[PDB]
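So the structure is just underneath, and the comments pick up after that.
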Amino acid sequence: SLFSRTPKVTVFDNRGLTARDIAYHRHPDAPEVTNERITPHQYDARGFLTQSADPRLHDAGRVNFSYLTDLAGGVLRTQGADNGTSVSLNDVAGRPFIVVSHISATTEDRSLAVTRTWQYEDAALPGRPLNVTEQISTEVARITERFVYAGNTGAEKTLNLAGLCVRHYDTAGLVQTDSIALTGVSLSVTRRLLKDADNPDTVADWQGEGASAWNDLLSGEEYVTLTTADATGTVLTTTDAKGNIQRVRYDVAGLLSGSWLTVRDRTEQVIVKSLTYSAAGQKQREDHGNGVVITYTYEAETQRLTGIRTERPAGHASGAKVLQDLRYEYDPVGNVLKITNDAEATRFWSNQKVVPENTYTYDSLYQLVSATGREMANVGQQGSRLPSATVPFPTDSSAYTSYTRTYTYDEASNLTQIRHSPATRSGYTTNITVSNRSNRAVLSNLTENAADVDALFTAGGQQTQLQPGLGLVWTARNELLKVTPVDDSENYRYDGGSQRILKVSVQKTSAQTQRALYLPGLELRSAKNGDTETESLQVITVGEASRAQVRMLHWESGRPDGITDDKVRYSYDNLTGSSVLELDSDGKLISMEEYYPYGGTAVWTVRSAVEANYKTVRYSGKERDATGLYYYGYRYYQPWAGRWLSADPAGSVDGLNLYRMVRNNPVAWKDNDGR
Ligand SMILES: [Ca+2]
Ligand SMILES: [Cl-]
Ligand SMILES: [Cl-]
Numbered sequence: 006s007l008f009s010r011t012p013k014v015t016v017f018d019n020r021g022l023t024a025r026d027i028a029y030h031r032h033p034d035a036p037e038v039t040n041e042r043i044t045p046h047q048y049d050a051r052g053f054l055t056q057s058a059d060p061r062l063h064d065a066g067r068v069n070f071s072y073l074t075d076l077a078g079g080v081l082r083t084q085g086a087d088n089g090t091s092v093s094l095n096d097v098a099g100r101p102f103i104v105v106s107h108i109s110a111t112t113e114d115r116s117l118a119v120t121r122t123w124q125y126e127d128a129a130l131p132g133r134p135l136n137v138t139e140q141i142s143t144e145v146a147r148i149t150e151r152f153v154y155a156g157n158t159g160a161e162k163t164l165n166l167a168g169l170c171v172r173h174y175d176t177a178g179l180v181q182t183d184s185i186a187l188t189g190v191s192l193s194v195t196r197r198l199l200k201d202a203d204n205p206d207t208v209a210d211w212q213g214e215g216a217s218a219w220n221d222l223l224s225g226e227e228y229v230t231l232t233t234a235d236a237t238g239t240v241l242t243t244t245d246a247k248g249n250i251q252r253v254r255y256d257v258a259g260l261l262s263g264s265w266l267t268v269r270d271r272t273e274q275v276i277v278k279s280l281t282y283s284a285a286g287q288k289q290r291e292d293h294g295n296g297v298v299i300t301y302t303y304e305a306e307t308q309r310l311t312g313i314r315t316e317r318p319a320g321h322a323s324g325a326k327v328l329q330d331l332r333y334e335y336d337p338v339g340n341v342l343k344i345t346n347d348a349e350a351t352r353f354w355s356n357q358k359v360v361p362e363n364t365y366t367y368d369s370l371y372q373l374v375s376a377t378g379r380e381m382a383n384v385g386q387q388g389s390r391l392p393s394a395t396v397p398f399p400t401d402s403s404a405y406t407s408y409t410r411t412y413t414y415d416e417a418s419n420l421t422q423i424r425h426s427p428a429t430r431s432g433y434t435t436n437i438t439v440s441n442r443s444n445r446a447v448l449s450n451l452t453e454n455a456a457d458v459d460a461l462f463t464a465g466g467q468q469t470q471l472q473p474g475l476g477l478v479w480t481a482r483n484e485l486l487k488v489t490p491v492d493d494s495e496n497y498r499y500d501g502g503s504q505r506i507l508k509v510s511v512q513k514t515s516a517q518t519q520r521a522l523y524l525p526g527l528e529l530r531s532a533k534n535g536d537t538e539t540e541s542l543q544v545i546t547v548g549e550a551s552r553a554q555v556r557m558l559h560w561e562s563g564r565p566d567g568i569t570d571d572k573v574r575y576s577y578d579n580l581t582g583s584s585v586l587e588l589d590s591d592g593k594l595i596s597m598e599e600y601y602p603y604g605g606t607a608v609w610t611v612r613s614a615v616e617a618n619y620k621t622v623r624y625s626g627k628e629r630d631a632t633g634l635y636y637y638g639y640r641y642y643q644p645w646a647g648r649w650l651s652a653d654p655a656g657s658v659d660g661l662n663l664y665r666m667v668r669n670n671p672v673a674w675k676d677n678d679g680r
C-alpha cells in the first residue's frame, strides 16, 4: 500500500543515455498522496553529461552541477551548487598536472582561489612524482609534499626498496619506509612531525636544495611502527611507537582466529581467545580475554544480522549474566523496523506499554520518518554537548523515559526538521534551514532565512560557523583546521591522505592544554597546566576502526586515583558499529551508551566518575571531539543537525546531495570514512 506502484525508473534519450531518474515519494501519514520526483540530466552532441539537477532545484529553474569536458570526456571544469567551481587538467601521461578550486560563480570570484600543481621526474626517468605545490590567492607558493625514491644498491634490494618512495614529506612532516617484505607489506615505517606542529599557524613548506635542509624543518622525536607478516602478505604482528606489540592468528581458511596484546615490559595477554565464522565468513561466536562471549545470529535466507548476544557464560568468575540480547526485524528490502533487547536489566519497556520498543517507520524512498526509543529523563534538550554522566548505573525504570522522534525531508532529501516528543515532558524541535539555491543548510538559530544560508559557507561548501559564536577555519585541502569562539579553542593537523595525525585543544583564562597524537594502533595523549605536564597517556587500540575495538590505557605519568594502570576497556557494538557497552577485564560493566538515530547521545551512564572521561569513540565507532563533532576521516559530522559539516569531497558519487547522511537511513547503514 505505502510502497505499491513506487518504482525506480530510468528515462532514456534517443541515444540510450539517462535523461531522467524518476522516483515516487509517499509518506505513511498521507498514503493517498504520491509525489513524483524527476532528476533531469543533460548531454551534449558527443554524449557526455553536461548538467544534472535534483527535483527541488529543477522545480526552481536552477541546477546542481554543470560539467565542461575535453573531447575525450575528461572533465576540465565542474560548477557545483554545493561545492563551488573547480578547474582540472591532467598531462598527456594521464597524471595530475593542475587543479584550481575555491572559486565561486556570480562571472567567477577567483580571489580566494587555491592552485595545486605537480612536479614529476624529467623525461629520462620513469616519471614518478617529486613534489606537490599549493598557491593560495596572492601568497607565495608553498611546497606541501615531496618524494624521495630509493635506487637499487644491494642494500636497497635487501630491504625490497628498489625504486619505491622511501621518504614522503607531507603536510604533517616525514614518513620514512625502511623495510619491505617479499610480499610487499611495509615492515618498518617511521614518522617525524614538523617543528612547532601544535601551532595551526605552521604549514608545511618544504623549501631547500636537498634532504639535509628539509630534515632541519622536522622535530627530533621518531615514532617507529614495525610490522610482521605471513606468506600471503597478511599482518601477523604490529609493534607501535611506544613498543607495545599486537599479535594475530589466522585459521585454516585465512580468517582471524585469535589476538593478543603485549604491553611494553609485560607479558602477552589474550584479547580474542577464539573466533568462529558462518559459511559466509561472517563472525559467529567471539570469545574475549575477559571471558565474555559474543554470539551473532543471521537470517538463513538473507544473511542479515538478526542477533547480537553478549554474555558472561556458565562458570565465569564474576557470575553469569546476559549483558545484551539485541534482536533486529527487517522489512523486505532490509530497513530496520524493530530492535528489541530482552537482556535490558531495568526491564523498562515491559513497564511502559504506551510507546513501543525501538520502532522505526520509513517513506517510499527509505528515509527514516519516525523513531522511538528511551532517553534518560534528565538529558534535556539535545545540542552539541554530551549529557552529564549518570553515576553510578541507574537501578530502576524511573531513570529512563520513552520518546518518539519525527523527521521531515524536502524534495532534495535535506533533513529540515527533527521533532522530539517525549512521554511526559515538553517536546522540542530542531529546524534546519535549507538554501534556496543549494543543499547548504544550518540550524534555525544561525538563520531562519534561506537566502542568507550560502553566506555561512565558503565557495567549496565548507561551513564557517559551527554554532552561534563558534567559528571554523579550513585548510587549503578542505580539512577542518581550527574551531575558535567569537575562550576555548581546538585545532588539527592531517597527513598527506587527509587522515588526522594531531588534535590540540586550548583553554586560556593561565593556558590549559591537551594534545592527541594519532599513530598506528596508538594515541599519545597529554596535558599541561601551563607548560607543566599534568597527564601522559598511551591509548593502545587493538583491532580495526570498522569493528568492535579494544582499548588499553597505559599512563607514563599523571594517572588519576581510582584507575588501576593498564586497564583494558572492551567495547561492544550495535548493528551500525556504535560503541554501546564497555566491559573491564573481569567482564563487569564500565559504561553504557545509547543513541538517537542520527548519533546524538540519549543514555550515558558509568559505574564511576573518573572512568567516564576516557571513552572517546562512540557513534559509528568514531571519535566525538569536545566540539561535539564526530571525526570520520575525510569529513566531520554534526549529530544534532543530522548532516555533514562540509561538502562530500568525492562529489556526486553517493548522490547529488553533498551533505546528506547515509541516505537518511542511519539505523541500517553506516558511513565508513566520510568520503
Ligand atoms: Ca519504492
Ligand atoms: Cl555487570
Ligand atoms: Cl536523531
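Numbering (the working numbering), first residue to last: 6 to 680.
Built from N, CA and C at the ideal position, the CB exists for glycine as well.
Segments assigned beta strand (DSSP E), at least 3 residues, entirely inside the region 561-633: List check, beta strand (DSSP E) in window: 572-578, 584-588, 594-600, 606-611.
Reference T207; option with closest CA among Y619, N496, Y367, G476: Checked all of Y619, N496, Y367, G476; the closest Cα to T207 is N496.
Distance cut-off 7 Å: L594 Cβ against heavy atoms of ligand 2: Yes.
Residue nearest to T44 in terms of C-alpha spacing, selected from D457, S323, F17: When each option's Cα is compared against that of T44, the closest is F17.
Residues bridged to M557 [DSSP beta-bridge criterion]: Partner residues in the beta bridge of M557, as assigned by DSSP, are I545, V573.
Stretch pair the region 595-606 + the region 621-636: three plus CB contacts closer than 8 Å: Touching, yes.
Sub-8 Å separation of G238 and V253 beta-carbons: Contact flag unset, no.
Any non-hydrogen atom of ligand 1 closer than 7 Å to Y29 Cβ: Between ligand 1 and the CB of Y29, the shortest heavy atom gap is smaller than 7 Å.
Presumed contact (8 Å Cβ cut-off) between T581 and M597, rounded CB distance: That belief does not hold up - the Cβ atoms of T581 and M597 are roughly 16 Å apart, past 8 Å.
Simplified DSSP state of residue 701, which is helix, strand or coil: For the chain, the structure presents residues 6 to 680; residue 701 sits outside this window and is missing.
Burial state of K200, where buried means 16 or more other Cβ atoms lie within 10 Å: Exposed, by the Cβ-count rule.
Alpha-carbon to alpha-carbon, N88 and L391: About 31 Å.
For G132 and residue 707, the rounded distance between their alpha carbons: Residue 707 cannot be examined here, being either before or after the span of the chain that is shown, 6 to 680.
At least three beta-carbon pairs within less than 8 Å, the region 90-109 to the region 457-469: The region 90-109, when compared against the region 457-469, does touch it at the 8 Å Cβ threshold.
Spatial distance of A617 from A118 (CA atoms): In this structure, the alpha-carbon of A617 lies about 44 Å from that of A118.
Beta-carbon proximity list for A614, same chain, < 6 Å, skipping 5 on both sides: Within the same chain, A614 has close Cβ partners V396.
Runs of beta strand (DSSP E) lying entirely within the region 43-121, each at least 3 residues, in chain order: Taken in chain order, the complete beta strand (DSSP E) segments of 3 residues or longer contained in the region 43-121 are 54-57, 70-74, 80-85, 89-95, 101-110.
Contacting residues, own chain, Cβ-Cβ under 7 Å from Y174 (five flanking each side not counted): Residues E150, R151, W211, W219 of the same chain have their beta carbon placed closer than 7 Å to that of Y174, with the five preceding and five following residues left out of the count.
Contact between the region 243-250 and the region 227-234 (3+ Cβ pairs under 8 Å): The region 243-250 is in contact with the region 227-234.
heavy atom of ligand 2 below 7 Å from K343 C-beta: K343: no, Cβ never under 7 Å from ligand 2.
Segment limits, alpha helix (DSSP H) that includes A216: That run of the alpha helix (DSSP H) goes 216-220.
Whole-angstrom distance between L222 and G215, CA atom to CA atom: Roughly 12 Å separates the two Cα atoms.
Secondary structure of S393, DSSP reduced to three states: The three-state secondary structure of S393, taken from DSSP, is coil.
Cβ-Cβ distance between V360 and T377 below 8 Å: A distance below 8 Å separates the beta carbons of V360 and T377.
Local Cβ density within 10 Å of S142, reported as buried at 16 or more and exposed below that: Exposed is the call here.
For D330 and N356, believed in contact at Cβ under 8 Å, the rounded distance: Rounded to the nearest angstrom, the Cβ distance from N356 to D330 is 18 Å, too far for a contact under 8 Å.
Identified DSSP bridge partners for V229: Residue pairing of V229 in beta bridges, as defined by DSSP: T195.
Proximity winner among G21, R147, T112, relative to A481 (alpha-carbon distances): Nearest to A481 by C-alpha distance, out of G21, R147, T112, is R147.
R629 to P399 span [Cα, whole Å]: The straight-line gap from Cα to Cα measures roughly 24 Å.
Cβ-heavy atom distance, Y635 to ligand 3, below 7 Å: It does not: the Cβ of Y635 is nowhere closer than 7 Å to a heavy atom of ligand 3.
Own chain partners of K508 with C-beta closer than 6 Å, once the 5 adjacent residues on each side are dropped: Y497, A521.
Any non-hydrogen atom of ligand 2 closer than 7 Å to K572 Cβ: Outside the cutoff, so no.
Pick from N69, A50, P60 that is closest to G78, judged by C-alpha positions: Minimum Cα distance to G78 is reached at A50.
Three-state secondary structure assigned by DSSP to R424: Note: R424 maps to strand in three-state DSSP.
Option nearest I545 by Cα separation, candidates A532, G535, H559: Among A532, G535, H559, the Cα nearest to that of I545 is on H559.
DSSP three-state assignment for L373, whether helix, strand or coil: Note: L373 maps to strand in three-state DSSP.
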